[PDB]
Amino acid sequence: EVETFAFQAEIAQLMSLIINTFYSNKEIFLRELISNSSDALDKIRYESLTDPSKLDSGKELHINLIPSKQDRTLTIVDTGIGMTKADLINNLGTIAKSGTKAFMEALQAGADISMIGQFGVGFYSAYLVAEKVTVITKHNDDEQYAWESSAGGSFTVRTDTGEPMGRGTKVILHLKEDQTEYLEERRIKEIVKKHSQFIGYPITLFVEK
């Protein structure tokens, strides 16, 4: 079964702003997703210090960047703590409502879209470059889920039938047709070096076959 949900009005407004505002500096999406992965890796590492069994689903703590020219996707994979069903449907959106309102006000007060991560809603910068985002995620003691949205005010959640991940999150960016530069090894290297060079987990940039 696929369940369809309405975004909170403030998050739908944020997504429309990101999709519709003219802003050439689109590359900031990657730093935001890598930062989210780093935060999730921090969380499972910290929890493992008092409950080592939390790493039974995988001890490797890393970030993979995987381009696919054939699928026109850029995938950001981490082995962090992952998200529960309640995270996906309700609880992360509840936290994001406050940051969205703060971001939207700062925007009017002269802030830049690149400051989005300071408001805890950096994920939605993915819609600078993606027409659709699919998020596959697995938290210990919950099932593997697929979250998906092409914006337009709704998202879906379903139990994922694909390959099991163990633990963590995969953000699959279905790139807009004019945003395929973010499949180039060279371009991704440039962005990671510029924005993400001090992240405390190995970032592997996969090469296309």
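Residue numbers run from 1 along the displayed sequence.
Annotation for 52-60 versus 146-154: the higher mean temperature factor (C-alpha) is found in 52-60. Mean CA B-factor, 97-105 versus 77-85: the higher value falls on 97-105. When the C-alpha B factors of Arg167, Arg31, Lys170, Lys69 are read from the deposited coordinates, the top value falls at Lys69.
Residue-level inspection of the entry shows that, of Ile203, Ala6, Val2, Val207, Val2 has the top Cα B-factor.
When all modelled residues of the chain are sorted by CA temperature factor, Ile199 is found within the highest third. In the deposited entry, the Cα temperature factor of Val121 sits in the middle third of values across the chain's modelled residues. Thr161: CA B factor lies in the highest third for its chain, per the PDB record.
In the PDB entry, a CA B factor belonging to the lowest third of its chain's modelled residues is recorded for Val135. Sort the modelled residues of the chain by CA B factor and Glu27 lands in the middle third.
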